[PDB]
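*Asks:* fold the following, please.
(chains A, B, C, D, E, F, G and H, ligands or ions: 4)
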Amino acid sequence: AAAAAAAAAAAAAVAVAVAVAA
Amino acid sequence: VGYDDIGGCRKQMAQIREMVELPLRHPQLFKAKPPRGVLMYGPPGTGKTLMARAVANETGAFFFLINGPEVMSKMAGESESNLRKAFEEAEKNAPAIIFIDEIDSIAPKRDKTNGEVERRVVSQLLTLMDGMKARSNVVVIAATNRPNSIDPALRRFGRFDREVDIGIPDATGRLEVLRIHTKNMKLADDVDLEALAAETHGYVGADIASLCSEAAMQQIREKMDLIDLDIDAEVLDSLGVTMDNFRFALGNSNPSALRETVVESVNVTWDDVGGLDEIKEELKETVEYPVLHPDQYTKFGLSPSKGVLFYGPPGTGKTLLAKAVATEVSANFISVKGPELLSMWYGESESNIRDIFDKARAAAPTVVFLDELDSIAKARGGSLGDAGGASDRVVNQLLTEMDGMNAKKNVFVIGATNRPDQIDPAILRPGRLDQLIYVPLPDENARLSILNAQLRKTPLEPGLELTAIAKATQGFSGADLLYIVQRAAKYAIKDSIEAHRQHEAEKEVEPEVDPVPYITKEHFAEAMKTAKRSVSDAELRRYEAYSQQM
Amino acid sequence: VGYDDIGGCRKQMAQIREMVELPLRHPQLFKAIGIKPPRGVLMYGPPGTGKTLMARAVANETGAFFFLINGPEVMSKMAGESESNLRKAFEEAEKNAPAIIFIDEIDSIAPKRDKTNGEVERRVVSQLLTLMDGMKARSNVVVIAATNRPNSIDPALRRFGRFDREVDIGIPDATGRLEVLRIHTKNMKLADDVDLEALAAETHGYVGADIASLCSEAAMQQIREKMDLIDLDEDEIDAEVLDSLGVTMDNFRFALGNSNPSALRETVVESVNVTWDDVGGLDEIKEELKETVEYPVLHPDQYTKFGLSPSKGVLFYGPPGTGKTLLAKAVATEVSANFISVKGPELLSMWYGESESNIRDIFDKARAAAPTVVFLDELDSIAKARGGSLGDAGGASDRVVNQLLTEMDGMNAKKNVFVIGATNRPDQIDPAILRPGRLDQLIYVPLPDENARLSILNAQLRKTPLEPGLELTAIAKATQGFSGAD
Amino acid sequence: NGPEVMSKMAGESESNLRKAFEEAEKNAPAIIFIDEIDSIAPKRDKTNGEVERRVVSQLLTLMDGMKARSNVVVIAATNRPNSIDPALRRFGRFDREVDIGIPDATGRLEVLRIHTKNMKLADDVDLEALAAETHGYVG
Amino acid sequence: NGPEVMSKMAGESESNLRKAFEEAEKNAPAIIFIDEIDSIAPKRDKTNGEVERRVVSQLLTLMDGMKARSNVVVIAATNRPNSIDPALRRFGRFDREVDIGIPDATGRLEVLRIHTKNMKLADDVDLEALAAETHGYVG
Amino acid sequence: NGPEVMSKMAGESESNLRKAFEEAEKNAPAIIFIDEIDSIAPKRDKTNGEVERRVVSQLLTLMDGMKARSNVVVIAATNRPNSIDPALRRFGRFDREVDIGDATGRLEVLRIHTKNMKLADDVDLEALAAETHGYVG
Amino acid sequence: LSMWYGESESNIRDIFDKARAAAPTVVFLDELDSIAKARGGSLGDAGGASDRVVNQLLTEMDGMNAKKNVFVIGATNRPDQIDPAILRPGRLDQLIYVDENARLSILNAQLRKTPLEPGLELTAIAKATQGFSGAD
Amino acid sequence: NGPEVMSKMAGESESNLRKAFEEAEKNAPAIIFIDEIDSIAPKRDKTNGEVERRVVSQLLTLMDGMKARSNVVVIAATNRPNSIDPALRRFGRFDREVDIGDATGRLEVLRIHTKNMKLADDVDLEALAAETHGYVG
Ligand SMILES: [Mg+2]
Ligand SMILES: [Mg+2]
Ligand SMILES: [Mg+2]
Ligand SMILES: [Mg+2]
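*Replies:* Numbering: from 1, shown residues only, chains lettered A, B, ... in the order given. Ligands and ions are numbered 1, 2, ... in the order given. Now the structure:
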């Protein structure tokens, strides 16, 4: 008989940065 | 359940008869070649399974049902055994018809799925569909709820040639399905299905059945809770569904597509929005004609505007008008605030805006209220795309999904912003959000109307005057007037509570309705001592400059 | 358990009772009206509200056999074995008798069929859809489901024919809490002093299991206050102390003062000991705040008699240290309504959208456990005038202030949530926030006068030994420009 | 232990949890200690996998569902309570939360006495001075 | 090694760590060396995944827990101590953090003497001057 | 290759690197060319992804450690050598840094690239070596 | 435009890259005055952005040889505020100056797919409206 | 074709590619037609699988390994001109692309298709080939 298997690795996120003007 | 049970899809049904019924009883005229498979797609609850059962019943051809997710097994390779045994029995017995329900369980695009039994069964099914002699004339019936999650290998010539978009019905289709479902039950005479179909907008296929069942349920409760039947022949035969049951069911029910986005009830009327008479007239002119008089559109030959933008100082009634439209327009309404859709993950934000607009198109006609557009449709500027171009991608998706709404879609977008300066000018281009209504500060008569609309449900002193209040409040706003009324009410409540305290004190040491019966002259006089203007003059100057620039 | 155990939900009780009883008590009536009844219902609401209790009551009362399915329980390791489990359950239920299926924690079995990426999961979703709808879909079988997050369910399952009615098992009213208290305080023995009406009145966000916890804690306090006089008595406990326990009203008061609503358990404020007598001066401000906070929560009949709505927001502004945060602490300690203490920049986050997600979560908790008090310290940190920032982090501050605007005034209800702001720089606050209907009361807290400095000094010396001959009038007369901090 | 329950097979972590709870319940009134619960039981709304959500649901129904429990007490230990599913922070599942916090001067003196009771100490030791001078020590 | 234990399936990296620890403890008293631990175990609060949190919790439970260790010594090596879970930097897990920093002039002298022990050198060169001249060279 | 070995599955790119190093060490003394190493060395402080730090630690483990390398030399390739880890630019891993950045060499490349074909008799390579002043090779 | 150093120039740079990639093409720059603004002197962040935009436009238009044959079309209402540095010879030298008959043709082209009344003449609207435009 | 290269056997894809390339090099100087290359080459950045990367690397190392004595060319058809690897569009494998943006072929396709039916007696397929502009296949 056959069998299944589960797998959950990761994803991709988004960051936000702050800048300084002059 | 024969061919006469499915309704509202005469044209789509007509192709089905031509596609599978006529070429199956006589292949001579086609030879003098019908496909070996037909796909049906559309929103859930559109009579797919109903049509499959009607064709299965009306034609005496043998029927072998293989539910999509029920072909696999635990033992090694028994899924393949099931599938080829199904096809071989379908061929060997007779020129049969096979119906595969929920194909998505069998063909998950072969792009994300990394299993092995799924690959084996999909490839074997492809080979089986390849092998079909033209003489057997057996055809397969497929039923998918979501058409874009299909293995494109099946979407090729010789494999499921012609698809049939079983969509939502029109008004006539809704009336037809209403009749079909309500013909068995005993419907009282004082009922006209035409009105119910003209008021029913987004319901499709099964939701109409839900409506009828709910109305019947309410009637049964009306004739069970009161009588207290606790068998009773006289109670049994005295059952008839009247109009109020259907009205209640319509007021309680919701299109299944908009089930997730149920909105809290805020009942507003057009007499609650004091003032803004011309604005209300223009809004009605814009929203009721495209949805009720298509003949006018056909005669004119001019595309009506499919958007509008409210802008003005805070506390003027933009959200109030949005609420009034949501409650008393006789069409669907999905409210969204700007920041709700954004998500930290990659793609989710665009998937969410895509899903919301898909729901809007599904429950057509709809009115999508974008409140505070200054957060999702901000000016492009020089932000550098510090968030991986997330904001840029969101605005780009919004533009592509707002410009791709043809006339048939009938989706009206309501905009409302406090600061129009940060709106991307691309939005204001014609064809997306052309019309822009400006909500100015109330005048004296508008202020009087606002006060009368806000003091509608408030017991008020018979000897009272409001023109004085109107004349005094000069640069005030609707929110400011609300503040005045609430402060006066709070003073009245304070007087009531202290008076009740005193009365109880010398009572314990039949009561009237209250020691203080009405809002009083002195209550308003003291409430008006602490009323300050909401918006200053600088904002008024800037809004006037923007208006004059337009 | 029975139908007299579930309390605080009468409409929903009738809604499920109808579906469970009428098609199994008067089938002739439904054949006479002609149509079949709905045969699918989904129970949803916050956790610990009574959905599983109602399912248990239905299972005990209805005379047919009852099958219970926990969510993840169906799945198994062998390929296509969960499908077999679901098929076996449904076929046995149909074959044996007319029956009620109960699917506990449906969120585990219907993960939207679009965001999931596991094939077996989408196989189980499709199998459930087929079993609940299709050829010979049902023959006198009804399915009840329970969930805490109904929006995470595949819409195909939420269609007529599969799940016709969605019952909302929500937070109870004061009468609901009174009913729950009367239900849970029956078997136990109470002293005459107990007043369940007052207990329900001062309970503000407790739902179901919260009330149960309150009762249990009260009993625990009684047992742990009336066992010290006796020894441990490990061998046996004698009848004279075994009898006459009597869970007192002081025990109930203590248990109510210790506990907090389950919703606000994540944002429980640290205990602070301030009182109205601890705040010197500001007589008009304290009385205005007291009447504006206690009127809607204690006297709703007058508001409904006038049919208007109460004032919600308030903004303190003035020089630093004048007593704004002190007033907020006094409100937190004295007022009966729940307190949500949040700092200014606490809720911001580096990710995209998580600031507004946090704001939405905080305000959702506030309106869930209503009546609630939310303190926004230094509103000028998060709510600044829009468009000023030439260079910004993708306009995150603008999005935050817009989120605040829409949540404090938008397409929502007025569940009695009071926003208090405390900032010493009212020039940086955006004008939209200061509109009436969002923050309508701008209270200026000026520098103390002579009698206010005297009151402050006495308030701060209320727990300190002092010289008998010492008078504070000279100190007050000598500090002219001073503040409370000075 | 926290991650001891998870397995590669789909639908096996919940099977392990079920076996553990049934074995615990079949015997006398027992105690189940779950160490490092931040791993088993995260918030379902914030997580993105599927097996963790299913494990959380299995744990929830085992803790409080129809036929809830029979004289079985569950103890949990964690370093972060805010990263736990709100449905688990409820009466019936985890009704009472004890806060094991930093000791004070007397507590630290007790800890010193306990930890210096089995060794061969000198006569010159005053544990009071040590408990005074040690300030932020967690024990 | 650091990344050698990680996997894609749910519940396999923790199984690898359990196998390693139990194999080590089965035999005579042993030494375990987790090279580049900072890759395995970053701060839990500042990570988005789930497998990293589970493996961090597994390390915590393995080193500290009911019947944690018996004659088994654990050694670690890292370059970024501050980027480690503070719950890991406690007595009972990593009792003392030895700072293996750059050597002094004498230390560099011994390093030169050690390295130049096998190659045939000429008499003229004196390693003391070289050690004095080198300042920042390490190992 | 750089972007080829990197994947989204946890513990697979490190497994691919370990398989490549085991394949290079099983048969013979060979030459390893890891191309575009700047994409898989984000200096462990500017990046946010865990898989990049995990494969950085895998490279530092496979290049140096207990019985790390047995008669095998590794070669790298990058455009900006400043975005590499300081433990990677150490002795034993990348102990030699070669700057491969003129007219006679360009003429040599023209002579060796036109060797297997008879172009003509009157073609002068001086103008072809002087006019293509910005050709990399 | 972009209130950032690089972006507001990268847009024009990759616009001209898309233009030179699909040769031949026509780049219709509508409302030139809003872009150029005669950079001159403004002494601010907006002045610096305008000067950088004008310098990017000049250095990405003057680099067009006989190859790639691009063609820039401009249109404006106010010709006063356009930069004489962009009206110079060698970059953009043509000046096309742009009535009743054109108004009648515009009214007849706008009313093509319209069910008009047969008893109606548009010459009265053409004669009454003199200084109007197609948008109005 | 594109998706006809996978089999249950592990590594069959690479063996099938090597078999096809060695058959085309063994038989004659010939031409290989790879239709629908967008399935084999998933652009290598948006994909997450591992056998797709392996079959793309096999097609890369098999297209590059053609010497002068092979004398074989390859032809490849695609639908979208954007979902192709630049490593596949690099100099050496695919550099000469055509942009097929007629009436005679449409009349030929009409006379191919409609010649198997009892059609009519008063039909002119030249008008059907002329008035049809954008149809294909
Ligand atoms: Mg169906
Ligand atoms: Mg509004
Ligand atoms: Mg429950
Ligand atoms: Mg303060």
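
*Asks:* chain A contacts on the stretch 251-400 of chain C?
*Replies:* Residues of the stretch 251-400 of chain C lying close to chain A by CB under 8 Å from any CB of the partner chain are C:350, C:351, C:352, C:390, C:391, C:392, C:393, C:394, C:396. Just so you know, the C-beta spots here come from the backbone N, C-alpha and C atoms, and that holds for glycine as well.

*Asks:* reformat those residues as TSV; add neighbour count and secondary structure.
*Replies:* Formatted as TSV, these follow (neighbours: other CB atoms under 10 Å in any protein chain shown; DSSP: H, G, I helix; E, B strand; the rest coil):
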residue	neighbour count	secondary structure
C:350	16	coil
C:351	16	strand
C:352	28	coil
C:390	11	coil
C:391	16	coil
C:392	22	coil
C:393	20	coil
C:394	24	coil
C:396	24	helix
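
*Asks:* which of these sits closest to chain G?
*Replies:* Chain G lies nearest to residue C:390 out of those, by CB to the nearest CB, at 6.9 Å.

*Asks:* quick one, what contacts that closest one?
*Replies:* A:21, G:3, G:45 (CB atoms under 8 Å, 6 or more residues apart in numbering or on different chains).

*Asks:* same thing but at 10 Å, please
*Replies:* By CB atoms under 10 Å, 6 or more residues apart in numbering or on different chains, residue C:390 lies in contact with A:19, A:21, B:381, B:382, G:3, G:45.

*Asks:* which among the residues you listed end up buried?
*Replies:* Burial by neighbour count, judged by 16 or more other CB atoms under 10 Å in any protein chain shown, picks out B:381, B:382, G:3 from the contacts of residue C:390.

*Asks:* out of those, which touch chain A?
*Replies:* B:382, G:3 (CB under 10 Å from any CB of the partner chain).

*Asks:* nearest to chain D, of the buried ones among the contacts of residue C:390?
*Replies:* Lowest distance from chain D to the buried ones among the contacts of residue C:390 (CB to the nearest CB) belongs to residue B:381, with 31.2 Å.

*Asks:* start to end distance for stretch C:368-380?
*Replies:* 26 Å (CA to CA, to the nearest Å).

*Asks:* ok, so what distance separates the residue of the stretch 301-450 of chain C found nearest ligand 1 from residue B:373?
*Replies:* Per CB to the ion, residue C:411 is where the stretch 301-450 of chain C lies closest to ligand 1, at 33.7 Å. Residue C:411 sits 14 Å away from residue B:373, going by CB to CB, to the nearest Å.

*Asks:* swap in residue B:317?
*Replies:* Distance from residue B:317 to residue B:373, counting by CB to CB: 17 Å.

*Asks:* check contacts around residue 5.
*Replies:* Here I'm looking at chain A. Applying CB under 10 Å, 6+ apart to residue A:5 gives the contacts B:114, B:115, C:77, C:79, C:120, D:7, D:8, D:9, D:10, D:12, E:9, E:10.

*Asks:* my bad, the chain I had in mind was chain B
*Replies:* Counted by CB under 10 Å, 6+ apart, residue B:5 has contacts B:47, B:50, B:51, B:53, B:54, B:57, B:177, B:180, B:181.

*Asks:* in contact with residue 3, which residues?
*Replies:* I went with chain A, as the question did not name one. B:74, B:117, C:77, C:78, C:79, C:81, D:9, D:10.

*Asks:* if you could check chain B rather than the one you did, that'd help
*Replies:* B:13, B:16, B:17, B:21, B:51, B:54, B:55, B:57, B:58, B:59.

*Asks:* ok, now with 8 Å
*Replies:* Residue B:3 neighbours (CB under 8 Å, 6+ apart): B:13, B:54, B:55, B:58.

*Asks:* any chance of the contacts of residue A:5 in JSON lines, plus secondary structure?
*Replies:* Shown next, in JSON lines, are the contacts of residue A:5 (DSSP: H, G, I helix; E, B strand; the rest coil):
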{"residue": "B:114", "secondary structure": "coil"}
{"residue": "B:115", "secondary structure": "coil"}
{"residue": "C:77", "secondary structure": "coil"}
{"residue": "C:79", "secondary structure": "coil"}
{"residue": "C:120", "secondary structure": "helix"}
{"residue": "D:7", "secondary structure": "coil"}
{"residue": "D:8", "secondary structure": "coil"}
{"residue": "D:9", "secondary structure": "coil"}
{"residue": "D:10", "secondary structure": "coil"}
{"residue": "D:12", "secondary structure": "coil"}
{"residue": "E:9", "secondary structure": "strand"}
{"residue": "E:10", "secondary structure": "coil"}
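
*Asks:* ok, so of the residues you listed, who is nearest chain G?
*Replies:* Of all the contacts of residue A:5, chain G sits closest to residue B:114, with 37.7 Å by CB to the nearest CB.

*Asks:* please state the backbone phi and psi of residue B:477?
*Replies:* Backbone torsions of residue B:477, given as degrees, to the nearest 10, read phi -130, psi 170.

*Asks:* surely it meets residue B:312?
*Replies:* No - using CB atoms under 8 Å, residue B:477 is not in contact with residue B:312; the gap is 9.8 Å.

*Asks:* picking up where we left off before, would you turn the contacts of residue B:5 into TSV with distance to chain G?
*Replies:* What follows is these, written out as TSV (distance: CB to the nearest CB, whole Å):
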residue	distance to chain G
B:47	37
B:50	41
B:51	39
B:53	46
B:54	43
B:57	49
B:177	35
B:180	39
B:181	41
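
*Asks:* save the residues you listed as CSV, and put in distance to residue C:155 too.
*Replies:* Shown next, in CSV, are the contacts of residue B:5 (distance: CB to CB, whole Å):
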residue, distance to residue C:155
B:47, 17
B:50, 19
B:51, 21
B:53, 23
B:54, 25
B:57, 29
B:177, 20
B:180, 24
B:181, 22
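
*Asks:* pick the one among these closest to residue C:407.
*Replies:* Distance to residue C:407, by CB to CB, is smallest for residue B:177 among those, at 40.4 Å.

*Asks:* give the contact list for that closest one.
*Replies:* Going by CB under 8 Å, 6+ apart, residue B:177 touches B:7, B:8, B:169, B:205, B:208.

*Asks:* any idea which of the contacts of residue A:5 is closest to chain F?
*Replies:* When the contacts of residue A:5 are ranked by distance to chain F (CB to the nearest CB), residue E:9 comes first, at 8.8 Å.

*Asks:* quick one: that closest one from chain H, how far?
*Replies:* Separation of residue E:9 from chain H (CB to the nearest CB, to the nearest Å): 14 Å.

*Asks:* that older thread, in the contacts of residue A:3, find the pair that's most separated.
*Replies:* B:117 and D:9 (15.2 Å).

*Asks:* ok, back up a step: farthest-separated two in the residues of the stretch 251-400 of chain C next to chain A?
*Replies:* Pairwise distances among those were taken by CB to CB; the largest, 23.4 Å, belongs to C:351 and C:390.
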